[PDB]
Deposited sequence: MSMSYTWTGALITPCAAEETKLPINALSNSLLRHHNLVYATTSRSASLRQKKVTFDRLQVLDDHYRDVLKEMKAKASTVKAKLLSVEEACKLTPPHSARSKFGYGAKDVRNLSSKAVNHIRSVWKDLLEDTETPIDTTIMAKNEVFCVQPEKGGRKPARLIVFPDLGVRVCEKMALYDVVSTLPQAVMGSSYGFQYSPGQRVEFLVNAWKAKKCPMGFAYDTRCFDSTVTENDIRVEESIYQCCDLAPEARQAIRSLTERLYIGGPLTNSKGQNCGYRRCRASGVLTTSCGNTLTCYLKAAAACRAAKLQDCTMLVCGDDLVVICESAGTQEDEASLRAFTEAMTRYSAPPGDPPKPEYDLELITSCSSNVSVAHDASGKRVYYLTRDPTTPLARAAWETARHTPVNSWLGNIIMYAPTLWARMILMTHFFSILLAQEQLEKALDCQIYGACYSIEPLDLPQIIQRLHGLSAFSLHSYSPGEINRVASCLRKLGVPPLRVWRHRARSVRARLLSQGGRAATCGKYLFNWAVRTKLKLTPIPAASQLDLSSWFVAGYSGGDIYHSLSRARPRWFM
């Protein structure tokens, strides 16, 4: 069937990509899907189902589901918003209950969704190709979004790791992911790797793909109500349904993956993994290691020679294509792990304070920097700068520019202690900038505060990137950080820990850094469990057993 059908009603709103370029995107993501399954696909599917059988998932309470709702979550069309839900307002609660009862009783009626153009901020690039048409966001009403959590949050948290094991991308902290890739690359006698990119993955996702995904969730130990909810949600929401613009007008219909549902990450990860595992077999790739993050895929296998490797890669692509997962740019085999780019990241290595090698993830800074510039300019609700600080803590750019710029701003506005909302693997997080050292130590380790000996290639990328954006050079940043550090130190408590640890790089005479004792009390049990992009999940950072001297 067609991924989408349209009435012609415009996608209305509520550089930053806008609702103007929405029509250009619509044309790309709209097509009939052709899918042919085989025994390899069927086999891998049964192996996945067997691992799912071991999962037991629990039904979440209305209360449990509510607390998971982000405070700025899109308001319901039934007269309540995120605040009411979180507060367990009698109105919100009663509607949620009715929504639930309706999933338990109605098994066929399509549930309405809202289509919107995501206003993501990207850099002004006049050189290469074209100014990217805006990504689409499809989502049900807040009450449905709450019911999704009751029935499937435990499934989407537990099941992907049970099924995929170490191949599951979102189970890893940045350091863990790096360690996984390095060990896998080292594990091969003669390693070869590649990244496989799918052209509009969400659109290539068929209704059968969605039915197979439910067939996996149905292997869990579920409460009969959870079981029904999943059945009804698959039929009425996940396989497709009508599209409505922000102005209440009917836009058309969907028969592919909805980008803003709880099952988007999980479902996409499962689907991609299924197809890829099957395609590996079709291409006869030897000793495969996969790493899957939604639609993003990386394969590290044993090389069989440059000509053979290129051939098996075409084989893989042909199978993926038959399964309805064709590529954007066709895959290229790499024989350096640093050379594999996935989720825009790439492996780099630096040295610690004692000279030991340290692998870390990096990326080109152009987009994180431009988005940060947009954010300093206009008060955005959710802050990419803080997420990039967390994710790319060991990187040269995050330390020298992001940390320096934003810490001086919080000093100026006397707002170090004020919590901010940022993103980690699709989930929304409330984080106090004063907790950044503890968070960093727990996701990257002490070395993150004392990395040096950066590669000439990374230094140059950073240097160039600064030049093209009109950002002062790295020496200017060292001067500024020396001051930011001085001010943070003269404030004690967490502020001085930010000074000492985050800005140890800016001082010629480096301090010996010992572990932060309060870092152990940080509960990050919900942090690197799973991916929830479009999932509408919120976690406020909490601290189990606080000592007085802190």
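Problem set entry | Deposited positions without coordinates, collected into consecutive stretches in sequence order | Gaps vs deposited seq, in order: 1, 16 to 38.
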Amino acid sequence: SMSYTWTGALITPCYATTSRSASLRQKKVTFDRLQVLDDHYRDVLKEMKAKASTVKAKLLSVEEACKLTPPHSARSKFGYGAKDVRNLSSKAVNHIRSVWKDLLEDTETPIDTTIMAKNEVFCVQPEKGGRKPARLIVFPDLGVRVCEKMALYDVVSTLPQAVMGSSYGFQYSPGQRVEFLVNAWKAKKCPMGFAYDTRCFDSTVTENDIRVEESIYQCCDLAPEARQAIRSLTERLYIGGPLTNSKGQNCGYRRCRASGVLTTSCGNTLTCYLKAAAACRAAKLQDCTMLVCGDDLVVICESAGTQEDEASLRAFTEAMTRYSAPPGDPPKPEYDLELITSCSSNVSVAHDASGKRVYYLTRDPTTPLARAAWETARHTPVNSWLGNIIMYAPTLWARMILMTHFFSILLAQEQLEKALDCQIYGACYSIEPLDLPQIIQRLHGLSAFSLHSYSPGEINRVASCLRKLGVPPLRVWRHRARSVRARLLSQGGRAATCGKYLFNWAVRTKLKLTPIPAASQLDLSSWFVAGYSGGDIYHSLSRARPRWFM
From here on, numbers count along this sequence of modelled residues.
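Here, rigid core means the biggest group of C-alpha atoms that superpose within 1.5 Å across both forms.
Exercise. Comparing C-alpha positions in 8 other deposited structures of this protein against this form, with the rigid core used for the fit, which stretch differs more, 526 to 534 or 21 to 29?
Worked result: With the rigid core fitted, 526 to 534 is the stretch that strays more in 8 other deposited structures of this protein.
Exercise. Taking RMS over all structures and residues, which stretch has CA atoms farther from the shown form in 8 other deposited structures of this protein, 168 to 176 or 423 to 431, after a rigid core fit?
Worked result: Stretch with the larger root mean square C-alpha distance in 8 other deposited structures of this protein: 423 to 431.
Exercise. Given the B-factors recorded for C-alpha atoms, which segment has the greater mean, 169 to 177 or 113 to 121?
Worked result: Going by the record's values, the stretch with the higher mean is 113 to 121.
For this session: State which stretch shows the higher mean Cα B factor in the entry: 184 to 192 or 144 to 152.
Result: Between 184 to 192 and 144 to 152, it is 184 to 192.
Problem set entry | Candidate residues 248, 433, 267, 365, the one whose C-alpha B factor the record puts highest | Answer for 248, 433, 267, 365: 248, with the highest C-alpha B-factor.
Exercise. Which of these has the highest Cα B-factor in the record: 332, 254, 101, 480?
Worked result: It is 332.
For this session: Taking the values exactly as deposited, rank residue 214 by C-alpha B-factor within its chain and report the matching third: lowest, middle or highest.
Result: Lowest third, going by the recorded CA B-factors of the chain.
For this session: Relative to the other modelled residues of the same chain, rank the CA B-factor of residue 47 and answer lowest, middle or highest third.
Result: Answer is lowest: the recorded C-alpha B-factor places it there.
Exercise. For residue 458, does the deposited CA B-factor place it in the lowest, middle or highest third of the chain?
Worked result: According to the entry, residue 458 has a C-alpha B-factor in the chain's lowest third.
Problem set entry | Among modelled residues of the same chain, the CA temperature factor third for residue 486 | Ranked within chain, residue 486 CA B lands in the lowest tercile.
For this session: Check where residue 497 lands among this chain's C-alpha B-factors and tell me if it's the lowest, middle or highest third.
Result: According to the entry, residue 497 has a C-alpha B-factor in the chain's lowest third.
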